[PDB]
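Data first, discussion second: the structure below is written as structure tokens.
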Amino acid sequence: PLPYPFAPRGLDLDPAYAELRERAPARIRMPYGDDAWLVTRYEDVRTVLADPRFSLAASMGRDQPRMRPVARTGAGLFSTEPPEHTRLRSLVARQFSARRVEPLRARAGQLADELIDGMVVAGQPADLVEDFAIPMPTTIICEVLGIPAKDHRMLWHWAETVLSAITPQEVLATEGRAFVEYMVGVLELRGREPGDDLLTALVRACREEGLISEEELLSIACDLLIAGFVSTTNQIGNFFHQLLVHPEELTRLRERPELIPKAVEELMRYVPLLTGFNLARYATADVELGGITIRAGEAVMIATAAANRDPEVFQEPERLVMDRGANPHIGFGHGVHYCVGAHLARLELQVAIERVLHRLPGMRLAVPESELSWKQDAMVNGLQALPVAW
Ligand code: HEM
Ligand SMILES: CC[C@H]1[C@@H]2C=C[C@@H]3[C@H]4C/C=C\C(=O)NCCC[C@@H]5NC(=O)/C(=C(O)/C=C/[C@@H]4C[C@@H]3[C@H]2C[C@H]1C)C5=O
């Protein structure tokens, strides 16, 4: 069994994935838990994500392949399949739908401008990670959920604990307990003090309409907050890094910003974001895949970043092509667990790029590229700091 995940080298795709796609699904050994099959070929990853025989509900209570000593538990979206998953996801679908996040575009741009203001007042160099990439999406998801602004820093502390693959399990357990107690309290707060936020609407669904249990309500609230805190914070930094090291792309995006959506989709395809955050499904029946047979009860993991460079699906897959047309990337997943945050994340990435490139037409690295440091032993690829001048 191949040790997994591979040690990250920046945002580079590990060269071993090229050979992996051309063979049968490989046996992998994670740091803890069951061994598993690893699927990398685009068609094979799509099959795992669409075939109901590969189940996240079946993973609960198993010795899951994972990065941490203790296995995940829960009642929410990452733990269920239809029809239970559907009842939960329908309650969040309105707020995360493209139609309902689009009105946030102006607020997101105002926030970006405010953050860029503070970078200007503070003087060069700025750090795009601490000064922009972290605050912008964390603020937004807090506003959508109805999380009070004063708790930003406390919640980012928790996010840093979750983001480290190396967090000692006692600390992870005590901060975990306190985070859940905090969210229990917020759910009480939104029932006494309703608002036009998602957690208020989810509290109604639980405690007035009996549509979800208290366990399901708390699971969804915690899942949505954590995912919102750890995903786009790192991805914004990664996209600015790739744009800065491909400067020949910046003048088109600055002058003709209607080109930014397609570039965001290409960068979504290209960038390996999630590493330690990888869901393991368990097969509920025997399944033939890639010339091998995945037995009932065995575990399967996917590598979306590898599938996203499969030469049968993408022309010139190893090149960053910012106007790429045929781009059916799996950067947000597929099937019933397709990223519920995709429209919000997309909007944030688009706005970040539009605002920063307009406000800072001379933006460039403030250190040599060799002096950049990537986060180590993280669950998500990202930079520790991104020093820029302008
Ligand atoms: C660029 C940022 C993001 C990327 C690359 C990303 C990626 C993904 C991927 C690949 C999956 C599918 C995983 C699988 O099926 O194994 C997924 C699911 C999910 N993501 Fe996103 N995500 C991002 C941002 C977000 C945001 C902002 C939120 C919440 C506000 C979010 C919440 C979720 C949830 C709750 C699911 C599970 C949905 C379900 O099971 O029904 N993600 N994400
Ligand atoms: C952006 C999309 C991401 C998404 C973002 C955040 C979530 C991840 C972080 C949540 C909790 C956390 O780490 N610690 C608290 C208890 C530790 C316990 N021990 C584990 O092993 C374990 C997990 O593995 C959890 C994985 C969660 C899957 C979620 C991720 C799925 C991806 C597609 C536990 O919950």
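For the authors' numbering, count along the sequence shown from 1 and bump the result up by 6.
Just so it is clear, CB atoms sit at the ideal spot from N, CA and C, and this is done for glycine as well.
| Check | Outcome |
| --- | --- |
| Check: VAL346 C-beta below 6 Å from any heavy atom of ligand 1 | yes |
| Near ligand 2: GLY129 beta-carbon under 6 Å from a heavy atom | no |
| Beta carbon of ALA227 nearer than 7 Å to that of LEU195 | no |
| Element boundaries [alpha helix (DSSP H), containing residue 398] | There is simply no residue 398 to check, as the chain begins at 7 and stops at 396 in what is shown. |
| The segment 48-67 contacting the segment 287-298, beta-carbon criterion three pairs below 8 Å | yes |
| Near ligand 2: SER237 beta-carbon under 6 Å from a heavy atom | yes |
| Residue interval of the alpha helix (DSSP H) (run including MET274) | 266-276 |
| heavy atom of ligand 1 below 6 Å from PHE185 C-beta | no |
| Proximity test, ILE232 beta-carbon vs ligand 2 heavy atom, cut-off 6 Å | yes |
| Where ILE298 sits in the DSSP three-state scheme | strand |
| Uninterrupted alpha helix (DSSP H) stretches inside the segment 28-116 (no shorter than 4 residues) | 48-56, 90-102, 104-107 |
| Proximity test, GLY16 beta-carbon vs ligand 2 heavy atom, cut-off 6 Å | no |
| Nearest candidate by alpha-carbon position, reference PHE138, set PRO154, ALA118, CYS148, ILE153 | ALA118 |
| Rounded distance between the beta-carbons of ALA42 and residue 436, thought under 8 Å | With the chain running from 7 to 396 in the structure shown, residue 436 is simply not present. |
| Inter-stretch contact (C-beta, 8 Å, three-pair minimum) for the segment 219-237 and the segment 294-304 | no |
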